[PDB]
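Worksheet: one structure, shown below.
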Amino acid sequence: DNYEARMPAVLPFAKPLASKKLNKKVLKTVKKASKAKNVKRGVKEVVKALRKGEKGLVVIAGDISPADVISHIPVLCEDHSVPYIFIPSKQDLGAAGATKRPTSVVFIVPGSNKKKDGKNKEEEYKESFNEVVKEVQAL
Amino acid sequence: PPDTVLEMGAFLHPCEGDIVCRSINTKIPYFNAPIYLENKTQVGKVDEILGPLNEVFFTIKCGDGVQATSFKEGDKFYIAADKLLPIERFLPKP
Amino acid sequence: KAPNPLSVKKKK
Amino acid sequence: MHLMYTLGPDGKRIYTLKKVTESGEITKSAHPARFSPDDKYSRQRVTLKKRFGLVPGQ
Amino acid sequence: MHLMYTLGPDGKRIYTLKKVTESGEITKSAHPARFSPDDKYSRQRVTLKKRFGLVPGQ
Amino acid sequence: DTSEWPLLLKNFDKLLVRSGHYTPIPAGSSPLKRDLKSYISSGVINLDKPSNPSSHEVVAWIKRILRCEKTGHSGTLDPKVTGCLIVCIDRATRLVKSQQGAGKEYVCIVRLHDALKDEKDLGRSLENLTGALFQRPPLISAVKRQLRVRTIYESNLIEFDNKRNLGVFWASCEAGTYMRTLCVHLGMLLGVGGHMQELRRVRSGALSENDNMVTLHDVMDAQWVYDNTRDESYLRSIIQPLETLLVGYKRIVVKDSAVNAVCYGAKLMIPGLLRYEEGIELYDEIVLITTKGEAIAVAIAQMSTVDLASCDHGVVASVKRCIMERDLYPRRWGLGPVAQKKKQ
Amino acid sequence: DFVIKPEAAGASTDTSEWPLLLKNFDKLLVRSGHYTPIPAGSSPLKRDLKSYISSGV
Amino acid sequence: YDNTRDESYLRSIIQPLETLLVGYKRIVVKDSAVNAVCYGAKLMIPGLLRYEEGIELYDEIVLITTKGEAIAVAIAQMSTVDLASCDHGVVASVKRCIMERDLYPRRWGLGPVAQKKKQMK
RNA sequence: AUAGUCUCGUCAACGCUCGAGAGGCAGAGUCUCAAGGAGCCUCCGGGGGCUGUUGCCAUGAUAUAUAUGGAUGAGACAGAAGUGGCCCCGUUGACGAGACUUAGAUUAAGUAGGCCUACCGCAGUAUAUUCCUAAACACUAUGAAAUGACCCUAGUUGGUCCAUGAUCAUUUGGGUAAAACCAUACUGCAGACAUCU
RNA sequence: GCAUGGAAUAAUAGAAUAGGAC
């Protein structure tokens, strides 16, 4: 579907690339976390959150022209012991992030919402998030 | 009022409230020179000079109370003869 | 509308 | 922004408005990313491009 | 007219009456076009020749 | 294999030989094999200028990054214009306007206020404005607004969309031409009104976007690599010699004994000449280079081909601009045979 | 490195490819090679357009 | 050229006048003697640089400079062997002067024998 | 004085296509001429072929008119009008008129003055300096986003911008406004014909 | 047309007051 279209546009340094079950797990994960409002979207917000020191998963769009927009991010994630994964579609990542526009980088941190409803949503979210980050660290 | 007037331009387009004219005359007008009709009545001032050397166009900024849609094709616009410059002046010197 | 004093100077 | 490009067979750029060429190529943006002098991420870009050999020095 | 020519391998003219030579090449007319000093069509000719790069010295 | 030789030594065998024999002087180096300080002090950066800064701001940022003595550029750039920008560093700043006669080439997006009746009107107007043109500079430009005649050599309508009201066209133009006034004049002649949406320069002077164009990020990264790791390869990769700006010039190779004499302001003579291009004309702007390939100077020829081939003595060229540092080569003048005969 | 070496391969002069009235210039016998050129005049093909047209056929 | 200001098409259609002088035998004149020949002086030995082989007595010749442009159509006054042999003499007389008069500077009267004659005069 | 060159107007001689007209070229107006018609046959109302080496128009030009051409044209008005739109043969010699020279072709590092000075060549420095403040552009810091923001007599889906950071605020602080050349003044470097085997 | 205005400093087209040297 969207993979077959967006695959030729991936950047060479985009490692690791998720497979299909991992693709759907990551996208449903981002959708659930954005429903829980734990998601930070855009390069600037994710960079600021990483300098702030919160921990979680990073999802980076794989077709970014120019590449420099996402060039500094994986090493910065490694400096803070923060796992990261690449998805070759930015439109799917934006749509999973509850915005119509494409979003290059998504940073998911637990417990970033002061609302109790967001806390319950994160509590339901935590099992899938743990499974996804375990599969990420398995790579 | 000018003493004499010369055939400066022919109406081409009324675009954006300004008059586009093909330059019938073979000399280049001054910027902001007054443009008249043949009864020596001021219609507007020269706003822009454009076009290639073989086909020079100029855009007149209409004065207040004058509308660009009121004119028709084939109309002529006149300028005082003092407001002209030779074409070879703008050409590079040998 | 005048030349600068450092632009034009008398010869030594 | 609006101006996009694709690589020709010779290697020179071909400029287009469409996001996807009719031949199936995906057009890339023809404008470079913005630069700020107060930027502190040279090390990250150098390291990441060095792991893949994309550094022009290497 | 009757005087026809084809361009030779070395770049020189070869004259014949025949409209088509033995090899099958269609012959050209040796006589140039009529001219008038009041010809007001230099612009159109230059434009059409510039569209296809047929102006000498281009 | 001389076509693969770099910089100004490319196709050196095509040069007519005046004297095939000389003895090398172990002074100086190849432009690509220079020491790094002399490489940066003679460097030229072909840069992908981003949209929102100014040209002077970008040059100042490069000056701050490299910590060099001076930087400079040459161009009548509109604001918010990406693309090709040549930044000369230190000594190379004397060659900012050496390739002004080569012209420039833009790819421009024009936005039309209203949809055209037919699509071919924009193409007809684009071929109409190809040629000499009357232009007045915009108020944004720092130069005074006066009517000038500027030549657009070639134009080509790459694309046009009525629904998007956007037209992409490539234009090759003389230096000093503004695409903003071009788009304005197009908008008046179509009668719907239009302006410049986007502008990108795809060729400036001798260098194009294919000739090793790098971004500001690459410059900062290479400077950081040299600062922390002491690796010069990335800095040498991004930075081009000034000889890239001197291509297209007729070349004269000078003996190593005469390089310092030319650097001291002397005229080039016949005994200093080694090789020369075919068809050198009197009062023509040429480049004096040496056998290592580095450019001594930009000179004005005082001889034609017949006198370069047949005459035994006389002024070959006169220095217009000097590029090489003084005393880089040892001074060897006064040791010639007829000079020693005149001294004795 | 890429350095023009002594006695390297280079194109010698060929007056057969030289332009009009300079073709086969080596065939002319040489009275003297010692002279001082005067920086005046122009080549026939390199004249300015006024002098080129005024001298043209 | 009138409207675009391009000169390449005029330069393509128009040929130099020296195309009419290809078949003539060439004599190369020093740049000091060019203006004197343009003023109607008879060319002599000191103004001579090169002479083409095969030049006969009273033969049609073309006087050319080192830039290849044609000074004049002249009548040769000595043959090739006489050009090589003698040290003083007249080599040509101008039949038709083609070059403009003051295209080159006036450098006659500047020489050893010329200034010696001027001083004794 | 003598001689040469350039630009011209007359005469004589010699050749040629034998040279100012009811002439030709270019241009404007009107009219005529293109098998665009007619009759036969056919193949599927249409198409093809033939009568048709035909017909229509022009041309006797060193000329086959049973001919040669026809829009990449011809003829009449026009023996006109017009030329202040263009064109109407070359060579030699002599004479006369306006001029430019009377020329032997220099210089293997300069010019002008009193060993020195100034100019000349090349490379540099300055072309006002410091502080405050006004303005422009862009960045950065903070709060606001997908029921996102803005514009238009305004929509059966209008347009533009937008996490590659839009549009508002808040002040958070710093950055940019060059470079090349000319001219002027000053400083420095050398007087360079290029050996190097 | 190239960042506006003010204050201080420097130079200038200078003009003056108090003074020398000649």
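Each chain in the structure tokens gets a letter, A, B and so on, in the order shown; residues start at 1 in every chain, and ligands are counted from 1 in the order they appear.
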
At a cut-off of 8 Å, list the chain I residues touching chain A, using only C-alpha atoms (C1' of nucleotides), as a VMD selection string. chain I and resid 146 162 to 165

Can those selected residues be exported to a file as a PDB file, in the first residue's frame so that it contains C-alpha atoms (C1' of nucleotides)?
```
ATOM      1  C1'   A I 146      -5.829  19.768  12.885  1.00  0.00           C
ATOM      2  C1'   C I 162       1.127  25.081   7.332  1.00  0.00           C
ATOM      3  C1'   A I 163       5.243  20.202  12.824  1.00  0.00           C
ATOM      4  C1'   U I 164      10.686  20.987   6.638  1.00  0.00           C
ATOM      5  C1'   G I 165       6.845  25.465  12.249  1.00  0.00           C
TER       6        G I 165
END
```

Rotate and translate chain D onto chain E via least squares on all in-order Cα pairs, then write the result as a compact mmCIF listing (two decimals) with N, CA and C atoms, in the first residue's frame.
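Saved to selection_19.txt:
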```
# COMPACT_ATOMS: atom_id res chain seq x y z
N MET D 1 13.50 26.31 -60.23
CA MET D 1 13.08 26.17 -61.62
C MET D 1 13.50 24.81 -62.19
N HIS D 2 14.44 24.82 -63.14
CA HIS D 2 14.89 23.56 -63.73
C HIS D 2 16.11 23.02 -63.02
N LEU D 3 17.07 23.88 -62.69
CA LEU D 3 18.31 23.44 -62.07
C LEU D 3 18.06 23.02 -60.63
N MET D 4 18.44 21.78 -60.31
CA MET D 4 18.31 21.26 -58.95
C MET D 4 19.68 20.78 -58.48
N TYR D 5 19.79 20.51 -57.19
CA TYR D 5 21.07 20.12 -56.63
C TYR D 5 20.88 19.12 -55.50
N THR D 6 21.95 18.36 -55.23
CA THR D 6 22.05 17.47 -54.08
C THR D 6 23.42 17.65 -53.44
N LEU D 7 23.52 17.36 -52.15
CA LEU D 7 24.79 17.49 -51.45
C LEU D 7 25.64 16.24 -51.65
N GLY D 8 26.89 16.44 -52.04
CA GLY D 8 27.83 15.35 -52.19
C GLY D 8 28.41 14.91 -50.86
N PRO D 9 29.16 13.79 -50.87
CA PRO D 9 29.85 13.34 -49.66
C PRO D 9 30.87 14.34 -49.14
N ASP D 10 31.52 15.05 -50.07
CA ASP D 10 32.47 16.08 -49.68
C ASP D 10 31.74 17.29 -49.11
N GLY D 11 30.53 17.56 -49.60
CA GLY D 11 29.76 18.72 -49.21
C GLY D 11 29.49 19.68 -50.35
N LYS D 12 30.19 19.53 -51.47
CA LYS D 12 29.95 20.38 -52.63
C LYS D 12 28.67 19.96 -53.34
N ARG D 13 28.13 20.88 -54.13
CA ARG D 13 26.86 20.65 -54.80
C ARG D 13 27.04 19.76 -56.02
N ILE D 14 26.00 18.98 -56.33
CA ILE D 14 25.91 18.24 -57.59
C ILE D 14 24.61 18.65 -58.26
N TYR D 15 24.71 19.12 -59.51
CA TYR D 15 23.60 19.75 -60.20
C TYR D 15 22.96 18.75 -61.15
N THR D 16 21.63 18.72 -61.15
CA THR D 16 20.86 17.73 -61.90
C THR D 16 19.54 18.33 -62.37
N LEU D 17 18.92 17.66 -63.35
CA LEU D 17 17.62 18.09 -63.84
C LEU D 17 16.48 17.31 -63.20
N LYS D 18 16.72 16.05 -62.83
CA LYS D 18 15.66 15.22 -62.27
C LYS D 18 15.25 15.70 -60.89
N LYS D 19 13.97 15.52 -60.57
CA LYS D 19 13.47 15.90 -59.25
C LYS D 19 13.95 14.92 -58.19
N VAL D 20 14.10 13.64 -58.55
CA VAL D 20 14.55 12.60 -57.64
C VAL D 20 15.76 11.91 -58.25
N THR D 21 16.85 11.83 -57.49
CA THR D 21 18.04 11.12 -57.93
C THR D 21 17.78 9.61 -57.90
N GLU D 22 18.53 8.87 -58.73
CA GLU D 22 18.36 7.42 -58.81
C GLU D 22 18.74 6.73 -57.51
N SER D 23 19.55 7.38 -56.68
CA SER D 23 19.95 6.82 -55.39
C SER D 23 18.86 6.99 -54.35
N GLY D 24 17.79 7.71 -54.70
CA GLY D 24 16.70 7.95 -53.79
C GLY D 24 16.72 9.30 -53.10
N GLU D 25 17.74 10.12 -53.34
CA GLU D 25 17.77 11.46 -52.77
C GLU D 25 16.74 12.35 -53.44
N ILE D 26 16.19 13.28 -52.68
CA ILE D 26 15.24 14.26 -53.19
C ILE D 26 15.99 15.56 -53.45
N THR D 27 16.02 15.97 -54.71
CA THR D 27 16.77 17.15 -55.10
C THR D 27 16.05 18.42 -54.65
N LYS D 28 16.85 19.43 -54.30
CA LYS D 28 16.35 20.72 -53.88
C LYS D 28 16.66 21.76 -54.94
N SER D 29 15.90 22.85 -54.93
CA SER D 29 16.09 23.91 -55.91
C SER D 29 17.40 24.65 -55.66
N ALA D 30 18.10 24.97 -56.74
CA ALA D 30 19.39 25.63 -56.66
C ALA D 30 19.29 27.15 -56.74
N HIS D 31 18.09 27.70 -56.80
CA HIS D 31 17.90 29.13 -56.92
C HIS D 31 17.31 29.69 -55.64
N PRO D 32 17.82 30.81 -55.13
CA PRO D 32 17.27 31.38 -53.91
C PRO D 32 15.90 32.00 -54.14
N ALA D 33 15.15 32.15 -53.05
CA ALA D 33 13.84 32.79 -53.12
C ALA D 33 13.99 34.27 -53.45
N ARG D 34 12.95 34.83 -54.07
CA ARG D 34 13.01 36.22 -54.49
C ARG D 34 12.98 37.14 -53.28
N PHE D 35 13.59 38.31 -53.43
CA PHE D 35 13.72 39.29 -52.36
C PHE D 35 13.11 40.61 -52.80
N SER D 36 12.39 41.25 -51.89
CA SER D 36 11.88 42.59 -52.09
C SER D 36 12.36 43.48 -50.96
N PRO D 37 12.90 44.67 -51.27
CA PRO D 37 13.35 45.57 -50.19
C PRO D 37 12.23 46.00 -49.25
N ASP D 38 11.02 46.16 -49.77
CA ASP D 38 9.86 46.51 -48.96
C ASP D 38 9.25 45.26 -48.33
N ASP D 39 10.00 44.62 -47.44
CA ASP D 39 9.56 43.39 -46.80
C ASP D 39 9.57 43.61 -45.29
N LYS D 40 8.48 43.21 -44.64
CA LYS D 40 8.27 43.51 -43.23
C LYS D 40 8.21 42.26 -42.36
N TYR D 41 8.91 41.19 -42.73
CA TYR D 41 8.86 39.93 -42.01
C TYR D 41 10.23 39.43 -41.57
N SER D 42 11.14 40.33 -41.19
CA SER D 42 12.42 39.90 -40.65
C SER D 42 12.27 39.31 -39.26
N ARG D 43 11.36 39.88 -38.46
CA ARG D 43 11.17 39.45 -37.08
C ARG D 43 10.67 38.01 -37.01
N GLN D 44 9.74 37.65 -37.89
CA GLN D 44 9.18 36.30 -37.89
C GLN D 44 10.24 35.25 -38.24
N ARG D 45 11.02 35.51 -39.29
CA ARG D 45 12.06 34.57 -39.69
C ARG D 45 13.14 34.45 -38.63
N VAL D 46 13.54 35.59 -38.04
CA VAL D 46 14.56 35.58 -37.00
C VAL D 46 14.09 34.79 -35.79
N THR D 47 12.84 35.02 -35.36
CA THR D 47 12.31 34.30 -34.21
C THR D 47 12.21 32.80 -34.48
N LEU D 48 11.63 32.42 -35.62
CA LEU D 48 11.42 31.00 -35.91
C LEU D 48 12.75 30.26 -36.08
N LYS D 49 13.74 30.89 -36.72
CA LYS D 49 15.04 30.24 -36.83
C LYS D 49 15.78 30.26 -35.50
N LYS D 50 15.42 31.19 -34.60
CA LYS D 50 16.07 31.25 -33.30
C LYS D 50 15.56 30.16 -32.37
N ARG D 51 14.28 29.79 -32.49
CA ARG D 51 13.74 28.71 -31.66
C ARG D 51 14.37 27.36 -32.00
N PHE D 52 14.89 27.21 -33.22
CA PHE D 52 15.53 25.97 -33.62
C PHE D 52 17.04 26.10 -33.77
N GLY D 53 17.60 27.28 -33.49
CA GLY D 53 19.03 27.47 -33.60
C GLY D 53 19.58 27.51 -35.01
N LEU D 54 18.74 27.81 -36.01
CA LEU D 54 19.21 27.83 -37.39
C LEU D 54 19.80 29.19 -37.75
N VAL D 55 19.76 30.15 -36.83
CA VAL D 55 20.34 31.47 -37.04
C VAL D 55 21.86 31.33 -37.13
N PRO D 56 22.49 31.84 -38.19
CA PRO D 56 23.96 31.76 -38.29
C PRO D 56 24.71 32.46 -37.17
N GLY D 57 24.11 33.48 -36.55
CA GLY D 57 24.75 34.11 -35.40
C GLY D 57 24.84 33.18 -34.20
N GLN D 58 23.78 32.41 -33.95
CA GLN D 58 23.77 31.47 -32.84
C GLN D 58 24.58 30.22 -33.18
```

Residues of chain I within 12 Å of chain G: nearest atom pair and distance (Å, one decimal) for each, counting only C-alpha atoms (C1' of nucleotides), sorted by chain and number, as JSON lines?
```
{"residue": "I:105", "atom": "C1'", "partner": "G:35", "partner_atom": "CA", "distance": 10.3}
{"residue": "I:106", "atom": "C1'", "partner": "G:36", "partner_atom": "CA", "distance": 9.3}
{"residue": "I:107", "atom": "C1'", "partner": "G:36", "partner_atom": "CA", "distance": 8.3}
{"residue": "I:108", "atom": "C1'", "partner": "G:34", "partner_atom": "CA", "distance": 10.4}
{"residue": "I:197", "atom": "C1'", "partner": "G:6", "partner_atom": "CA", "distance": 10.7}
```

Convert the current residue selection to file output with C-alpha atoms (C1' of nucleotides), as a PDB file, in the first residue's frame.
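Output contents, as saved in part-v9.pdb:
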```pdb
ATOM      1  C1'   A I 105      61.262  51.835 -39.816  1.00  0.00           C
ATOM      2  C1'   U I 106      64.780  52.847 -33.192  1.00  0.00           C
ATOM      3  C1'   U I 107      64.473  50.995 -28.019  1.00  0.00           C
ATOM      4  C1'   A I 108      67.180  42.862 -24.310  1.00  0.00           C
ATOM      5  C1'   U I 197      70.773  21.017 -17.164  1.00  0.00           C
TER       6        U I 197
END
```

Near stretch 12-23 of chain G, counting only C-alpha atoms (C1' of nucleotides), which residues have an atom at most 12 Å away, once you skip same-chain residues fewer than 2 positions from it, shown as a PDB file with C-alpha atoms, in the first residue's frame?
```
ATOM      1  CA  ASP F  13      48.946  19.479 -24.403  1.00  0.00           C
ATOM      2  CA  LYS F  14      46.777  21.639 -26.664  1.00  0.00           C
ATOM      3  CA  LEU F  15      48.865  24.688 -25.741  1.00  0.00           C
ATOM      4  CA  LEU F  16      51.387  25.748 -28.363  1.00  0.00           C
ATOM      5  CA  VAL F  17      54.923  25.138 -27.122  1.00  0.00           C
ATOM      6  CA  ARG F  18      57.317  28.085 -27.169  1.00  0.00           C
ATOM      7  CA  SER F  19      60.132  26.391 -25.233  1.00  0.00           C
ATOM      8  CA  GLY F  20      59.756  22.783 -24.148  1.00  0.00           C
ATOM      9  CA  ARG F 275      53.493  27.634 -23.521  1.00  0.00           C
ATOM     10  CA  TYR F 276      50.473  29.611 -24.704  1.00  0.00           C
ATOM     11  CA  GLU F 277      46.978  29.078 -26.060  1.00  0.00           C
ATOM     12  CA  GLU F 278      46.126  29.242 -29.740  1.00  0.00           C
ATOM     13  CA  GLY F 279      44.706  32.526 -30.983  1.00  0.00           C
ATOM     14  CA  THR F 305      49.994  34.500 -31.897  1.00  0.00           C
ATOM     15  CA  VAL F 306      52.542  35.268 -34.628  1.00  0.00           C
ATOM     16  CA  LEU F 308      54.338  34.844 -29.517  1.00  0.00           C
ATOM     17  CA  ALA F 309      55.596  32.196 -31.955  1.00  0.00           C
ATOM     18  CA  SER F 310      58.308  34.072 -33.851  1.00  0.00           C
TER      19      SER F 310
ATOM     20  CA  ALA G   8      56.582  16.866 -22.086  1.00  0.00           C
ATOM     21  CA  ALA G   9      54.163  16.135 -24.914  1.00  0.00           C
ATOM     22  CA  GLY G  10      52.716  19.338 -26.338  1.00  0.00           C
ATOM     23  CA  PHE G  25      53.268  31.176 -42.461  1.00  0.00           C
ATOM     24  CA  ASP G  26      56.347  28.953 -42.096  1.00  0.00           C
ATOM     25  CA  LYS G  27      56.692  28.860 -45.890  1.00  0.00           C
ATOM     26  CA  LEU G  28      57.734  32.518 -45.906  1.00  0.00           C
ATOM     27  CA  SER G  43      43.258  40.604 -36.382  1.00  0.00           C
ATOM     28  CA  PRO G  44      40.873  40.583 -39.386  1.00  0.00           C
ATOM     29  CA  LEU G  45      38.389  38.256 -37.678  1.00  0.00           C
ATOM     30  CA  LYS G  46      38.716  40.025 -34.303  1.00  0.00           C
TER      31      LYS G  46
ATOM     32  CA  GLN H  15      33.726  37.938 -44.488  1.00  0.00           C
ATOM     33  CA  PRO H  16      36.930  39.989 -44.213  1.00  0.00           C
ATOM     34  CA  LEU H  17      38.230  41.649 -47.368  1.00  0.00           C
ATOM     35  CA  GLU H  18      41.448  39.629 -47.059  1.00  0.00           C
ATOM     36  CA  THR H  19      39.520  36.607 -48.377  1.00  0.00           C
ATOM     37  CA  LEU H  20      39.929  38.354 -51.739  1.00  0.00           C
ATOM     38  CA  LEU H  21      43.710  38.455 -51.226  1.00  0.00           C
ATOM     39  CA  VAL H  22      44.485  34.768 -50.546  1.00  0.00           C
ATOM     40  CA  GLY H  23      46.098  34.018 -53.902  1.00  0.00           C
ATOM     41  CA  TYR H  24      48.497  36.960 -53.686  1.00  0.00           C
ATOM     42  CA  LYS H  25      52.100  36.580 -52.571  1.00  0.00           C
ATOM     43  CA  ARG H  26      52.640  37.963 -49.079  1.00  0.00           C
ATOM     44  CA  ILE H  27      55.300  40.286 -47.677  1.00  0.00           C
ATOM     45  CA  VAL H  28      55.298  40.951 -43.923  1.00  0.00           C
ATOM     46  CA  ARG H  50      59.257  37.934 -44.085  1.00  0.00           C
ATOM     47  CA  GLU H  52      57.216  34.566 -49.663  1.00  0.00           C
ATOM     48  CA  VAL H  62      50.090  41.985 -50.743  1.00  0.00           C
ATOM     49  CA  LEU H  63      51.733  43.737 -47.810  1.00  0.00           C
ATOM     50  CA  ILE H  64      50.518  42.239 -44.534  1.00  0.00           C
ATOM     51  CA  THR H  65      51.236  42.733 -40.848  1.00  0.00           C
ATOM     52  CA  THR H  66      51.971  40.081 -38.240  1.00  0.00           C
ATOM     53  CA  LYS H  67      48.285  40.156 -37.297  1.00  0.00           C
ATOM     54  CA  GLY H  68      47.399  39.005 -40.813  1.00  0.00           C
ATOM     55  CA  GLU H  69      45.568  42.128 -41.967  1.00  0.00           C
ATOM     56  CA  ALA H  70      46.331  43.575 -45.395  1.00  0.00           C
ATOM     57  CA  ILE H  71      48.122  46.904 -45.710  1.00  0.00           C
TER      58      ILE H  71
END
```

Pairwise distance for atom CA of residue B:55 and atom CA of residue B:37, rounded to one decimal in Å: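 Separation of atom CA of residue B:55 and atom CA of residue B:37: 22.2 Å.
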
- request: Can you pull out every residue within 12 Å of residue C:2, counting only C-alpha atoms (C1' of nucleotides), but drop anything in the same chain fewer than 5 positions away, and send it as a ChimeraX atom specification?
  value: /C:7-8 /J:12-13

Query raised in the report: Where does DSSP see alpha helix (DSSP H) in stretch 169-287 of chain F, if you list the residues as a ChimeraX atom specification?
Result: /F:179-190,216-228,233-238,256-263

- Query: Which residues come within 12 Å of residue I:9, counting only C-alpha atoms (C1' of nucleotides), excluding same-chain residues fewer than 5 positions away, as a list in words?
  - Reply: residues 95, 96, 97 and 98 of chain I

With only C-alpha atoms (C1' of nucleotides) as the counted atoms, please give the residues lying no more than 7 Å from stretch 8-23 of chain A, apart from itself and same-chain residues fewer than 6 positions off, as a PyMOL selection string. (chain A and resi 62-63+85-88) or (chain D and resi 26+52)

Based on the selection just made, write N, CA, C and O atoms of those residues as a PDB file, in the first residue's frame.
```pdb
ATOM      1  N   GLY A  62      11.322   8.428   7.023  1.00  0.00           N
ATOM      2  CA  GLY A  62      12.410   7.979   6.186  1.00  0.00           C
ATOM      3  C   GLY A  62      12.620   8.710   4.882  1.00  0.00           C
ATOM      4  O   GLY A  62      13.677   8.538   4.272  1.00  0.00           O
ATOM      5  N   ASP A  63      11.661   9.510   4.412  1.00  0.00           N
ATOM      6  CA  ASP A  63      11.813  10.264   3.166  1.00  0.00           C
ATOM      7  C   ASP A  63      11.774  11.762   3.484  1.00  0.00           C
ATOM      8  O   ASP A  63      10.742  12.426   3.383  1.00  0.00           O
ATOM      9  N   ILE A  85      13.493   4.424  15.748  1.00  0.00           N
ATOM     10  CA  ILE A  85      13.099   3.559  14.645  1.00  0.00           C
ATOM     11  C   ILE A  85      12.717   4.461  13.477  1.00  0.00           C
ATOM     12  O   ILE A  85      12.317   5.613  13.667  1.00  0.00           O
ATOM     13  N   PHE A  86      12.872   3.945  12.261  1.00  0.00           N
ATOM     14  CA  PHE A  86      12.581   4.693  11.049  1.00  0.00           C
ATOM     15  C   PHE A  86      11.356   4.118  10.351  1.00  0.00           C
ATOM     16  O   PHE A  86      11.209   2.899  10.237  1.00  0.00           O
ATOM     17  N   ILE A  87      10.481   5.006   9.894  1.00  0.00           N
ATOM     18  CA  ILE A  87       9.365   4.652   9.024  1.00  0.00           C
ATOM     19  C   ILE A  87       9.558   5.408   7.715  1.00  0.00           C
ATOM     20  O   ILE A  87       9.776   6.625   7.741  1.00  0.00           O
ATOM     21  N   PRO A  88       9.493   4.746   6.560  1.00  0.00           N
ATOM     22  CA  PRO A  88       9.811   5.448   5.304  1.00  0.00           C
ATOM     23  C   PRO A  88       8.730   6.404   4.831  1.00  0.00           C
ATOM     24  O   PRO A  88       8.925   7.082   3.817  1.00  0.00           O
TER      25      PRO A  88
ATOM     26  N   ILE D  26       9.724   9.893  -7.416  1.00  0.00           N
ATOM     27  CA  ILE D  26       9.292  10.763  -6.331  1.00  0.00           C
ATOM     28  C   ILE D  26      10.208  11.976  -6.304  1.00  0.00           C
ATOM     29  O   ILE D  26      11.418  11.845  -6.085  1.00  0.00           O
ATOM     30  N   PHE D  52      27.856   5.679   7.678  1.00  0.00           N
ATOM     31  CA  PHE D  52      27.398   5.219   6.375  1.00  0.00           C
ATOM     32  C   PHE D  52      28.293   5.680   5.232  1.00  0.00           C
ATOM     33  O   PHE D  52      27.994   5.386   4.071  1.00  0.00           O
TER      34      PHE D  52
END
```

Can you tell me how far atom CA of residue A:37 sits from atom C1' of residue I:167, in Å to one decimal?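 Interatomic distance here is 22.9 Å.
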
_Residues near residue B:50, cut-off 12 Å, only C-alpha atoms (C1' of nucleotides), skip fewer than 4 positions along chain, as JSON, numbers by chain_ = {"B": [20, 21, 22, 23, 28, 29, 31, 46, 54, 55, 56, 57, 58, 59, 60], "F": [128, 129, 132, 133, 134, 135, 136, 137, 147, 148, 149, 150, 181, 182, 183, 184, 185, 186, 187, 188, 189]}
